[PDB]
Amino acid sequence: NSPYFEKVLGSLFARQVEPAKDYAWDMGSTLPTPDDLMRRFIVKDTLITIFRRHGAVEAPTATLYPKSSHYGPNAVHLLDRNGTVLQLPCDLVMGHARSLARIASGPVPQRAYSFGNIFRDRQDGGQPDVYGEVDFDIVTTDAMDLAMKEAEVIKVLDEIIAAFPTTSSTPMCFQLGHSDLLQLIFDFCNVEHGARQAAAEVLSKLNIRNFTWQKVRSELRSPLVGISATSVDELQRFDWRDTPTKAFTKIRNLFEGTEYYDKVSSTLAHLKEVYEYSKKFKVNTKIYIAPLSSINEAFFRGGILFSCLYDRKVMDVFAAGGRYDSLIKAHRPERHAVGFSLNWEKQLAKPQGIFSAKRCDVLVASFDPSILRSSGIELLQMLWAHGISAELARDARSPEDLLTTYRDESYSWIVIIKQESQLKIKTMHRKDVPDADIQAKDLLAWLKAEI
């Protein structure tokens, strides 16, 4: 920070945009389709209904903050006028953990959900790729009942699984693990500390999308990690999952006679308590212990780790989470938190069900332009005042051409105005209901009758 550094800086901020860069920023960009935005709205609304059941309010998310040493070159890095290097979020937990550690003493909600954007940086002058994330978090100010709170987060995911068509009839499972278990397995297997973060990162793909143990062992023995053949064969003794009571037994036997047995046992007791509470919450998706669980383990140091998976032959991640007390502490220049993160638009939005809801229930139409723009409007505003969703049609010559113009919409009813305050109603949410002429004073009563 010499006088050199600061004059060039203010000069950088007065430089005019290279036109080629201004075009590169959004060349080729698209907007989601209008039906996409309607499926997004249904999903977001369904999700919020679930969270609110638990007494959860929505919390805000930080838009940007001083960069984290933890991320590689996929993070979007930005310089402000003081020269400090800031980033856009790669996940929501980093910002929330920072908040919990820096924001002055105050009451925070114990249960909270948040919708935010996360960003992957591009190299070709284009704007960053954006993705939607949703988190649900339970934040407490004492170490009382940490396992109960963790079971509640699992329960929320199970409720999500039940409410959506893409998950509620697909085989689904949870895999539970724990940071202390993973680090004791690492001690047991004599993995050097310098290699453990990359080891955990490789292990986070295990049995996901055909990344089988053979693939894992290649990456672990490669220069990308550098673990010895002896250490990798010992880690392989933990490449399994099982139901909790069996799993605890299998793990205790692996560690029998070692200096790690006591600390492993402590850890298994906590995982058992989370299993007990999940039965009391009546979690319906099956639960396994997977001792090499490791998704984002760096954020969950000392805490539980869990993933929610599509339990088909080739498995895929649906959501993941963990207890990230330690990520709060690492930001301290007496709060605890557990939660999950989920890419709801990818897992649930991208495709008689919840998606049967209509963007708009009533199209108000008419084949007289002047009737459309007088009586059409009065009907329209009357529907809105009674809570009914409606919009005005464009001009049209005949019902043949009106239904042709609106091929790509789905209404419950089309209401056609004609002379002498008479309406024709085409029922569109059902294909066995003929058209009917009613007096306009009767439109409300006619609608309430068909619901």
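For every residue, the number given is its place in the sequence shown, counted from 1.
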query: Absent coordinates between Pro351 and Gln352 - deposited residues affected, binned into four classes; finding: 10 or more
query: Residue range whose averaged C-alpha B-factor is higher in the record, 44 to 52 or 390 to 398; finding: 390 to 398
query: Higher-B stretch (mean Cα B-factor, as the entry records it), 122 to 130 or 235 to 243; finding: 122 to 130
query: Residue of maximum C-alpha B factor among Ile227, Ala143, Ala337, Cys90, per deposited coordinates; finding: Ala143
query: Largest Cα B-factor, entry values, listed residues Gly321, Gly194, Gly72, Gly303; finding: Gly72
query: Record-listed C-alpha B factor of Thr166: chain third; finding: highest
query: Position of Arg221 among the chain's modelled residues by C-alpha B-factor, lowest, middle or highest third; finding: middle
query: Record-listed C-alpha B factor of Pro369: chain third; finding: middle
query: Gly376 CA temperature factor, ranked by third within the chain; finding: middle
query: Third assignment of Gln214 from its chain's C-alpha B-factors; finding: highest
